Amino acid sequence: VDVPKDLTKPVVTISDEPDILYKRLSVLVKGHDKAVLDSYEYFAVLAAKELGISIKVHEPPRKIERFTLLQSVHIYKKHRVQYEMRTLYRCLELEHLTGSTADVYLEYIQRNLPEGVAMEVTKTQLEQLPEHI
Amino acid sequence: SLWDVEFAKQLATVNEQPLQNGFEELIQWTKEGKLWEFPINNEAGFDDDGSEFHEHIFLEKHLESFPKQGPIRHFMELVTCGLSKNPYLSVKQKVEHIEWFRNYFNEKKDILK
Amino acid sequence: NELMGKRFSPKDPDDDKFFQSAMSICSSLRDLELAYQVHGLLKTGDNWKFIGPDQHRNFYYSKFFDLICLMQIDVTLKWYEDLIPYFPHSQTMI
Amino acid sequence: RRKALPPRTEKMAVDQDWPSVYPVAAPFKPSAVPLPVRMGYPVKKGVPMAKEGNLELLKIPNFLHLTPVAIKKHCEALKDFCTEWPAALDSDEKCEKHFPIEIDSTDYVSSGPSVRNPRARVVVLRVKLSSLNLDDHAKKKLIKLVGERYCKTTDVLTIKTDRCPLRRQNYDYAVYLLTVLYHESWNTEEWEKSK
Amino acid sequence: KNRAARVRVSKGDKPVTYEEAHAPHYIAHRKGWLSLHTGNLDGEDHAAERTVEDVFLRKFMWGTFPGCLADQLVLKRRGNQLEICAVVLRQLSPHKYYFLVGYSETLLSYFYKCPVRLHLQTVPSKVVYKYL
Amino acid sequence: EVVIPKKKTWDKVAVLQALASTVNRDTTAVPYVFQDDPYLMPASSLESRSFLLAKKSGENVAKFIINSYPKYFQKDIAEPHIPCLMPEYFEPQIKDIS
Amino acid sequence: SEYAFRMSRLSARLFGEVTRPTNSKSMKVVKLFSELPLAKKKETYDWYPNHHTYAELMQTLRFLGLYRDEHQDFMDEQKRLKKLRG
Amino acid sequence: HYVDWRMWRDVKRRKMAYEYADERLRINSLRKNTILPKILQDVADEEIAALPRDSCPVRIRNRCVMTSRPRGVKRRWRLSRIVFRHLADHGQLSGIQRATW
Ligand SMILES: [Mg+2]
Ligand SMILES: [Mg+2]
């Protein structure tokens, strides 16, 4: 039954300057789990489609790095122990995306990260020519 | 002003209440500023005291007390080139380099060969 | 009611007694519309900081549920089963 | 001596505000979660470990929060705030016509207390001279000056700036560099006339 | 015959938990990593700092909640915010539990200059995977 | 010729207030300050009072440790410098009347 | 050719580097003052946080009597036994 | 309370190298440069020779943090191979799998 009456909306102001035009927001998620990456990218694409912007999904290959350690302590050169660090990439591109839309979307996603993931933003914005030229 | 601050802290203590939401404790963390500033520009703070690209790179104004042909000129020109190439150090450290070299060859001014 | 209709801004540090003594007057007067309005008071905006001390919150919830009981009671009991949260004192159960 | 009350499983109803009971990211809390979901290698003539002591569900990342309903709700909430993209811009050629000078930076975000990392300073930019020079002499001059910063197949000139630690400093230096490059390509010299 | 993060097979009167029962070559196959950070991934740095600091976290918390825990911990570091998850027994009183929770959280926040939170799940008796 | 959406300015707390107002309070759930498991879950007013005031006492204790031994928490590991996280120093300096 | 040499001179004047030619022993200075030294890089200055702070904190906290250090209890117990046995 | 006296000496060397890092760089430039006077090069040479001991960045070693083992230490992790294997087996760290490929 307890449903609030007056929703407190944050203040918003449309400043005098025009918003910046990002040509392409290309985000790259590095993870360790295919399933976690799939869940995160589904989250992201669903949020983007409900916000009303274009989307596209690619899957770069898996990168692995291994290095050999001595299995024992003192004297054993034949027997080694190995490891491998697997990083998995996922790309997500957004075209024709306004500056403030980028702000809200990046705030949303940056708060909605999981832990074991790294996120690389590449922002592409077009602008007019200078005046001195 | 002082008693205004006392009254303000009294009002704040009266306002203080327990939060009941993760969003509320996040609002608190952002209020004290421990939570990062999204978007992550990696430059929220550390502006280098409003320094400028030309102050970093163009050391011609810093290079005045020697002619434009000598070996000290050669060395200090290469120094300025390296300093401009290096983004890690600021104009303060760059002028520190330059003035230390100045002191070096001016206290070794006995040669000028 | 007009105070609740308008949005509130805190200015006086003595707003903690407001809540408690208001609900005391609510328990004295004993009116359902009065209870509705006094609930809407703190339920309007970011005014729920005025509850504060656990003693005043306890008195408020006690008298609130008491008047709601002593007003069918299906709406009242489901309100309670939804909004117990701490465990109240015996009085309210009585 | 003390006793623990039974979990919220029987208490939570089928109709329930999951986005409200899980506003933000949080642990699994099986006592509050009514789902009996188990995860673990089952033993022969056995089953996976119950959700009670299943710390592996905690080890794995957590996504109980932000249900589809929560995502929908927050998207309709933030729909009031997001703005609209200009409808006139609906193609790459039109965007590059309206704003030829492309510029892009980048930076990572990683778990930890510190946030700076020098890769924040780098910024690249691109512009094709097919429409900007409007002449031939300065065109040949600047294409002789630049060694590999151009691309004649796709017809784009690209230049990178990282000489300064600040992104704004790199931006300003890049724009001033382009300006001075155009100003110095405008003119010529006697050894350039004699070739 | 390798001895690495494994318990010897006994007559069958040794309760053992999942993580310490399973082998270290079954970690990615039938286990999860106790910690989760990006220092191990490419492009990140301070991985040594991450490792040393989280080891110190685990040590200090294990020794400031001694006798109550019965298994390894779960670390979860999302950007700035740090989260810890523990499984403890109902040995001592909720008074002491909350006091030590707040004390440790405050000290760790002051030390690492970082937002930290920790959660605990109570169990009457430590869950056993098998009797080895 | 060209239409551009105009820029807007937000506070660090405005987005969080939006996200919070987006979702209502949880029903049949103890305060967020209190734990979620049933054993620690305070099930009465006086014991809950004792519990959270013990939390506040532990906060005061941590303040005491930090202001009694600042040199341990003196290192500035976090990038953004925050005086609230820095140790507090109520130490009189050398004699100087001014 | 002189044309390409002066082209390189102009490119150097524009992009910052030296126009005048330079030997490898002279570019040594440029690249050395460009790249910072290993001695100054924090990779070497900070190899690990100080056992000083760590152990002093844990010792003071044991003296407070909150962190039951099993290793230290073991040690001091065997030392008590040794001093009892002479 | 460092691990041992060799770690103590190593940390002292590291601190000295850091606090004399920039100066050593500058005078090393002034030495290895060639077009300048060879007399000045020699001046800087005896300057470096008179610089104190434990000041060069070459005397330090990339030792381990836990076990103070100099050999078998990764520059990235800074941990000995043995302690790395220990933590990888105990699953303390994150994102490391056995290369059973
Ligand atoms: Mg073998
Ligand atoms: Mg060496």
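Descriptive notes on the structure:
- Check on E:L92, farther than 24 Å from D:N62 by Cα, outside any helix (DSSP H, G or I) and within 14 Å of chain D (Cβ to nearest Cβ): yes
- Qualifying residues in segment F:1-22 (those that are facing chain A (nearest Cβ under 9 Å) and assigned to a loop (DSSP other than H, G, I, E, B)) - the one farthest from D:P23 (Cα to Cα): F:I4
So that you can scan it fast, the table gives a plain yes or no per residue for (1) out of contact with any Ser or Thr (no Cβ under 9 Å at 6 or more places or on another chain); (2) buried (at least 21 other Cβ atoms within 10 Å of the Cβ):
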residue	(1), (2)
E:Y18	yes, yes
E:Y26	yes, no
E:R30	yes, no
E:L34	no, yes
E:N40	no, yes
E:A48	yes, no
E:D54	no, yes
E:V87	no, yes
E:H95	no, no
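- Only one of the numbered conditions (1) of a type outside the set (A, V, I, L, M); (2) more than 12 Å from chain G (Cβ to nearest Cβ); (3) loosely packed, with under 15 Cβ neighbours inside 10 Å is not met by H:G91, and that is (3).
- Any hit, segment E:37-55, residues being more than 16 Å from ligand 2 (Cβ to nearest atom), more than 20 Å from G:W47 (Cα to Cα) and in contact with a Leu (Cβ under 6 Å, 6 or more places away or on another chain): no
- Within segment A:15-37, being farther than 25 Å from D:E102 by Cα and surrounded by 14 or more Cβ atoms within 10 Å (Cβ to Cβ) holds for A:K30, A:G31, A:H32, A:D33, A:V36, A:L37.
- When each of D:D135, D:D90 is tested for being within 30 Å of D:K193 (Cβ to Cβ), part of a loop (DSSP other than H, G, I, E, B), away from chain E (no Cβ under 14 Å) and out of contact with any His (no Cβ under 6 Å at 6 or more places or on another chain), the lone residue that passes is D:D135.
- Selected residue (criterion: farthest from the other protein chains (Cβ to nearest Cβ)) from residues of segment E:71-84 that are more than 30 Å from D:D107 (Cβ to Cβ) and touching a strand residue (DSSP E or B) at 6+ places or on another chain (Cβ under 6 Å): E:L73
- Breaking point among (1) more than 23 Å from B:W100 (Cβ to Cβ); (2) touching a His at 6+ places or on another chain (Cβ under 9 Å), for B:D48: (1)
- The one condition in (1) at the interface with chain E (Cβ under 10 Å from one of its Cβ atoms); (2) among the small types (G, A, S); (3) over 20 Å from the mean Cα position of the chain (by Cα) that F:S57 fails to fulfil: (3)
- Condition check for E:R8: within 16 Å of ligand 1 (Cβ to nearest atom), assigned to a loop (DSSP other than H, G, I, E, B) and not aliphatic (A, V, I, L, M): no
- Given (1) basic (K, R); (2) more than 9 Å from chain E (Cβ to nearest Cβ); (3) over 25 Å from C:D82 (Cα atoms), index of the condition F:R25 fails: (3)
- If the condition is being in contact with a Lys or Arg (Cβ under 8 Å, 6 or more places away or on another chain) and within 12 Å of E:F56 (Cα to Cα), then segment G:49-60 contributes only G:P49.
- Residue match in segment D:30-49 (condition: at the interface with another protein chain (Cβ under 7 Å from one of its Cβ atoms), of a type in the set (D, E, K, R) and out of contact with any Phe, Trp or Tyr (no Cβ under 9 Å at 6 or more places or on another chain)): no
- Test: A:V57 is closer than 30 Å to H:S94 by Cβ and surrounded by fewer than 19 Cβ atoms within 10 Å (Cβ to Cβ): yes
- Of all the residues in segment C:33-54, those that are more than 12 Å from A:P4 (Cα to Cα) and more than 14 Å from chain B (Cβ to nearest Cβ) number 6.
- Residue match in segment H:74-92 (condition: within 16 Å of ligand 2 (Cβ to nearest atom), over 30 Å from E:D54 (Cβ atoms) and under 19 Å from the mean Cα position of the chain (by Cα)): no
- Residues of segment B:45-88 that are farther than 19 Å from G:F15 by Cα, of a type in the set (D, E) and either touching a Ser or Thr at 6+ places or on another chain (Cβ under 9 Å) or part of a helix (DSSP H, G or I) (or both): B:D48, B:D49.
- Condition check for H:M7 on (1) facing chain G (nearest Cβ under 9 Å); (2) out of contact with any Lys or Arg (no Cβ under 7 Å at 6 or more places or on another chain); (3) farther than 20 Å from G:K40 by Cβ; (4) not charged (D, E, K, R): one failure, at (2).
- Condition check for H:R98: away from chain G (no Cβ under 14 Å) and within 16 Å of ligand 2 (Cβ to nearest atom): no
- Test for A:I55: is it more than 13 Å from chain F (Cβ to nearest Cβ) and touching a helix residue (DSSP H, G or I) at 6+ places or on another chain (Cβ under 6 Å): yes
Let's see how each residue does on (1) among the aliphatic types (A, V, I, L, M); (2) within 16 Å of ligand 1 (Cβ to nearest atom); (3) in contact with a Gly (Cβ under 6 Å, 6 or more places away or on another chain):
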position	(1), (2), (3)
A:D19	no, no, yes
A:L28	yes, no, no
A:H32	no, no, yes
A:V36	yes, no, no
A:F43	no, no, no
A:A47	yes, no, no
A:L51	yes, no, no
A:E59	no, no, no
A:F67	no, no, no
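- Listing of helices (runs of 4 or more DSSP H) fully contained in chain C that carry 2 or more residues being small (G, A, S): C:15-29, C:32-44
- Restricting H:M7, H:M16 to those that are part of a helix (DSSP H, G or I), in contact with an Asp or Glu (Cβ under 8 Å, 6 or more places away or on another chain) and within 16 Å of ligand 2 (Cβ to nearest atom) reduces the list to H:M16.
- Annotation note: Cβ proximity below 6 Å between a residue of segment H:52-81 that is of a type outside the set (D, E, K, R) and a residue that is within 16 Å of ligand 1 (Cβ to nearest atom) (sequence gap 6+ or interchain) occurs for H:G72/H:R81.
- Enumeration of residues in segment B:60-93 that are within 7 Å of chain G (Cβ to nearest Cβ) and of a type in the set (D, E): B:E77
- Annotation: of all residues in segment D:55-69 being assigned to a loop (DSSP other than H, G, I, E, B) and within 8 Å of another protein chain (Cβ to nearest Cβ), the one that is farthest from A:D38 (Cα to Cα) is D:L55.
- Take the conditions (1) within 16 Å of ligand 2 (Cβ to nearest atom); (2) in a helix (DSSP H, G or I); H:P70 misses just one of them, which is (2).
- Residue that is nearest to ligand 1 (Cβ to nearest atom), among those in segment H:48-82 that are under 30 Å from A:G31 (Cα atoms) and surrounded by 20 or more Cβ atoms within 10 Å (Cβ to Cβ): H:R81
Taken together, the values in this text are just the output of simple stated rules run on the coordinates, not laboratory data. Note: ideal-geometry Cβ built from the backbone for every residue, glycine included; neighbour counts use all protein chains shown.
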